Every structure is written in structure tokens, then in C-alpha cells.
């Protein structure tokens, strides 16, 4: 039931090294997995910066955050989850 509740939350690609190419791969991966998303640009989105600064524990951008601050992973973690065929689960079945 975690799933239904999470599926109602917006998923964000946090963006702002290799920033654009990695952001493009996140866009392609989430699209291929039928995961809807929008961008938040930490260049101009102060709430986004706070969330990332508070939870990233050092992770480089870009990344994926569910809802207000359920940080899911940075680009490398998202790519690994996708390679494990478990991306929808990592995003919609967690916490």
C-alpha cells in the first residue's frame, strides 16, 4: 500500500560534472520506465538546494527526489537500480 501512496507523489529530477548528459540519461531512464517527472533546477530553486544539501550526504548531482524530500538516489544510483530492473520499486515502494 506504500505503492499507491507514493504513486500520488511527484517525482523530480534534481539538476542545475557531466550535468547535462547525466540529466539527459535520467530523463531517458525515467521515461523508459514510465515514471513521470519534472525538473527542479538547483540554480534557481532554493527549496531544492536545501533538500539536496540536507539529505544528499555528499552525492553529486543530478539526482531523483520523490515528493518534498524523499531523496531516492543520485544519477549513479538511479542507473544501477535501472540496470537491476528495479527502478519503479526503488522510487515507489520505499519508505
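Residue numbers count along the first chain shown, from 1.
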Between residue 16 and residue 17 - deposited residues without coordinates, as a size class
4 to 9
Test of understanding: from the entry's C-alpha B-factors, which stretch has the higher mean, 21 to 29 or 82 to 90?
82 to 90
Looking only at CA atoms, which has the higher mean B factor in the entry: 44 to 52 or 31 to 39?
44 to 52
Going by the recorded CA B-factors, say which third of the chain residue 58 sits in, lowest, middle or highest.
highest
